[PDB]
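A quick write-up on the structure given underneath.
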Amino acid sequence: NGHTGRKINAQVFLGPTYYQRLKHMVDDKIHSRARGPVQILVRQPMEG
DNA sequence: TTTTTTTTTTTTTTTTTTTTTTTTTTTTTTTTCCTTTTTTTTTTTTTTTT
């Protein structure tokens, strides 16, 4: 255990694999809006 | 000389086919491309002639 130093009772499976980072970060996906631009036709909020 | 009996002519439905019309999960993120075009008429320009 990292916090206490105690042994883990169940033995665990460790080893090297090959992992891939994907392009879907959260900085390209986080979005928030309070008040902003509206459409010129229906005066509803925009897209995207 | 009138009654029944056959024929005709609409009359309403039936049934099948054809046509028409309307529909097709929710949300989100990036690029790319286009947002004219050839044809015809009009106007200006340039060269030539007397």
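Residues are referred to by chain and number: the chain letter is A, B, ... according to the order shown in the structure tokens, the number counts from 1 in that chain, and ligands are numbered separately from 1 in the order shown.
Using only C-alpha atoms (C1' of nucleotides), the chain A residues found within 12 Å of chain B amount to residues 23, 24, 25, 26, 27, 28, 29, 30, 31, 47 and 48 of chain A.
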Original post:
In Å, with one decimal, what is the gap from atom CA of residue A:46 to atom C1' of residue B:27?
Top reply: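 These two atoms are separated by 14.9 Å.
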Original post:
In Å, with one decimal, what is the gap from atom CA of residue A:14 to atom CA of residue A:2?
Top reply: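 About the pair atom CA of residue A:14 and atom CA of residue A:2: they are 15.6 Å apart.
From atom CA of residue A:32 back to atom CA of residue A:45, the distance works out to 12.4 Å.
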